[PDB]
Ligand code: HEM
């Protein structure tokens, strides 16, 4: 797997590179950023951030499962990820 620093998602909080920490796994939905039927902001607004709950809360359908996976590159340092815990 590919472990990215929390610094990434951050700098990657723009359209160019839209990342979102999902279940200890960043989702490069850059291409599917404006394609998102829900909203392009809901993603960006909290892209680099953590939209895990904001992603699971909405309850993504299988259709997403395929995409999400397809739009997977790797996870972010889970060391700084558990900064809350
Ligand atoms: C890997 C990237 C993502 C994919 C492939 C994806 C895919 C989808 C798909 C197919 C829908 C179907 C309907 C549903 O799930 O209820 C959806 C809905 C939704 N997604 Fe995502 N999603 C992604 C990331 C996100 C993120 C990061 C957020 C939040 C920040 C988000 C928020 C939502 C919301 C709120 C809905 C339904 C809202 C509505 O249609 O008004 N999604 N997503």
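Note that chain A is numbered according to Swiss-Prot, with residues 9-93 shown in order.
Per the header of the entry, the method used was solution NMR.
A Cβ is built for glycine as well, from the same backbone N, Cα and C atoms used for every other residue.
Here is what Swiss-Prot says about this protein:
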| type | residues | note |
| --- | --- | --- |
| BINDING | 44, 68 | heme binding site |
| MOD_RES | 10 | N6-acetyllysine |
| MOD_RES | 19 | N6-acetyllysine |
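Residue 68 (heme binding site) falls outside any helix or strand according to DSSP and counts as coil. Residue 68 (heme binding site) and residue 10 (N6-acetyllysine) have their C-alpha atoms 24 Å apart, to the nearest angstrom.
Counting only residues at least six positions away in the same chain, the Cβ atoms of 25, 56 sit under 8 Å from the Cβ of residue 19 (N6-acetyllysine).
Less than 8 angstroms from the CB of residue 44 (heme binding site) sit 37, 50, 51, each of them six or more residues away in the same chain. Around residue 10 (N6-acetyllysine), the same-chain residues at least 6 positions away in sequence with a Cβ under 8 Å from its Cβ are 81, 82, 83. Proximity to ligand 1 (Cβ under 6 Å from any of its atoms) holds for these recorded positions out of 10, 19, 68: 68. Residue 68 (heme binding site) is surrounded by 14 other CB atoms, counting those within 10 A of its CB over all protein chains shown. According to DSSP, residue 44 (heme binding site) sits in a coil region rather than a helix or strand.
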